[PDB]
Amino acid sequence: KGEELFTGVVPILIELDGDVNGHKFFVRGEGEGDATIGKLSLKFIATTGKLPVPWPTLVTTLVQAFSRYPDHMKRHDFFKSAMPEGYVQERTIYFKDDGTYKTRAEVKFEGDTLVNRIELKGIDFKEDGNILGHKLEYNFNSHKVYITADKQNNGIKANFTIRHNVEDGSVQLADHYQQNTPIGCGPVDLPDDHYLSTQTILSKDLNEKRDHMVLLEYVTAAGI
């Protein structure tokens, strides 16, 4: 059904199995997305206890199918076109002057729920760096996610740099290299070059004692 699966509010489940410098953890998120307005509303729990990395470093890894593509750009939405069978999303994330994340996720419908299941491996992080030292502010900047077609692989590639505010007023950069490929065998919409423009708020549930992240996000496509 592709884009037809996103005409209303869709329940979301996200699971991340993580290992950073040997620190293993598991994050589960639940909530809902509404692609007609480009909005996500999610709560994440670290079920394994205190997260060994800052929550903001996990935001990009933790469902671009919920981006709002305006009417004139609907035919450049690879993400929805791959549904319900879904797509594989792979990243390498280079934290400047620090370690790297490598991720692999499957994003697909399981029944009426959109599910993002992720494995993340992090290596070479510095003990007193901004990441293991938890020096990053609990907030998130606006970015442009640049998307281009990958015809040879019937999918897309994306490139962008995330800017993490540091507590001392500096910025921690994280270069993202991304590849998406369809899981199913029905055709997809290999887009012209464009980008997603993102906005994100991070907050807390004041009644939640577990280590957790409430996230609100709005994303719209542009550049065509």
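A residue's number is simply how far along the shown sequence it sits, counting from 1.
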**Prompt:** Which class fits the unmodelled deposited stretch between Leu62 and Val63: none, 1 to 3, 4 to 9, or 10 or more?
**Reply:** 1 to 3
**Message:** Going by the mean C-alpha B-factor recorded in the entry, which is higher: 127-135 or 114-122?
**Reply:** 127-135
**Message:** Mean CA temperature factor from the deposited coordinates, higher in 71-79 or in 143-151?
**Reply:** 71-79
**Asked** Of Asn180, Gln199, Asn159, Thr48, which one's C-alpha B factor is largest in the deposited record?
**Response** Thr48
**Asked** Hey, out of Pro54, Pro191, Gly186, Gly33, whose CA B-factor is highest in the deposited coordinates?
**Response** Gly186
**Request:** For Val219, return the chain-relative third of its C-alpha B-factor as stated in the PDB record: lowest, middle or highest.
**Result:** lowest
**Message:** Please place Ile14 in the lowest, middle or highest third of its chain according to the CA B-factor in the PDB entry.
**Reply:** lowest
**Request:** Looking at the entry's B-factor column for C-alpha atoms only, identify whether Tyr101 ranks in the lowest, middle or highest third of its chain.
**Result:** middle
**Complete:** Chain-relative C-alpha B factor for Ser41 (record values, thirds): the lowest
**Prompt:** If you rank the chain by CA B-factor, which third does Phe95 end up in: lowest, middle or highest?
**Reply:** middle
